[PDB]
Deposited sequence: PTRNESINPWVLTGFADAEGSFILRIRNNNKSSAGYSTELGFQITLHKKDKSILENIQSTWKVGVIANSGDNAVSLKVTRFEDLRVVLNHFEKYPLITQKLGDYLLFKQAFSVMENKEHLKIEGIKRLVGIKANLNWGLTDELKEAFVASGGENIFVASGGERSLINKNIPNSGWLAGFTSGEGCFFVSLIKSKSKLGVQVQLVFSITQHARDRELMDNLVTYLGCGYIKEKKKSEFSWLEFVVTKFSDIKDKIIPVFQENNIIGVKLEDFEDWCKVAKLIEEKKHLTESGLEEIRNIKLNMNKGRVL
């Protein structure tokens, strides 16, 4: 039932997964607190099939709706988390997300030895939790810090499978219609982009060297910023990008976008993009891609 290649899956989890450690007030727990350790993926419902492919490839995880437009795969059963760990030991993450996995592995150790059933263990997990994802809430920071006391306190791209997973999460295949001082008054520019927060700047640099093309753009929106890896030089698209994903396939609905983008690349290589009829065929393809897909 191995619907998804394991490196593709590590790639897609580096893009979209999340490692969760909850420490909850519990009046009924001997220690005063209960714990939940989890791995999870939340996607738009149009990509349910990916989650079902993960779930059947791993044989763990519960699929459920998450709001009107999204679906989750959550793994919380403790012995099933051993499947998740074994996967990530064999096919390791490479983004900053690996730091969340490493903390996740440490909590798991605590919990395996049952120490989380004692206030000692809970405090160990609070320390683990403080650097994991968004850290401790105020209620929890406050419950475990006293007046006068102290406060609670990157790998290379392995292969194209990992890059196919990751792109299926964060990639964009875009046809750009540029107003131009050319005969037709429009230039067709193919754009491949991968977008990521600058905490992963070094991954972005590795994309340029791994693929042999492209460049990084610094993007800004008020107080928030991020990066894009971008490729538009047509010979690199044709000779580096397209063939890579033709061998190592994009998963989900994005596959249909990559198939359309490739159809435009064909028109471009035949020069039909410099014709009025070739142009209107590109327009029709573009409008039913991405946001415009029905």
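Comparing the deposited sequence with the modelled residues, the stretches lacking C-alpha coordinates are 1-3, 157-166, 308.
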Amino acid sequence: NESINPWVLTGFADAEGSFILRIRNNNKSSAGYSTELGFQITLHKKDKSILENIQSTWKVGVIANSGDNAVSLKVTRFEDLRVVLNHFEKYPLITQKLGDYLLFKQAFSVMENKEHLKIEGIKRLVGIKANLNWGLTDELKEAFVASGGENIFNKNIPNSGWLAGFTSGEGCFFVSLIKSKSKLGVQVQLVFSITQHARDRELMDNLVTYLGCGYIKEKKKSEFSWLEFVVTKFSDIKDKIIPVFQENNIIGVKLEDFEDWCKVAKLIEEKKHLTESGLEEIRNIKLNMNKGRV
From here on, numbers count along this sequence of modelled residues.
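Higher mean CA temperature factor, per the PDB entry, when comparing 20-28 with 5-13: 20-28. Taking only CA atoms, the mean B-factor in the PDB entry is higher for 144-152 than for the other of 162-170 and 144-152. Highest CA B-factor among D205, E223, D100, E89, as stated in the entry: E223. Of all the options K217, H197, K74, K179, the entry's greatest CA B-factor is assigned to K179. Among the modelled residues of its chain, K118 has a C-alpha B-factor that falls in the highest third, as given in the PDB entry. When the modelled residues of the chain are ordered by C-alpha B-factor, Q106 sits in the middle third. Ranked against the other modelled residues of its chain, the C-alpha B-factor of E256 as given in the entry falls in the middle third. When all modelled residues of the chain are sorted by CA temperature factor, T137 is found within the highest third. Compared with the other modelled residues of the chain, the Cα B-factor recorded for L125 ranks in the middle third.
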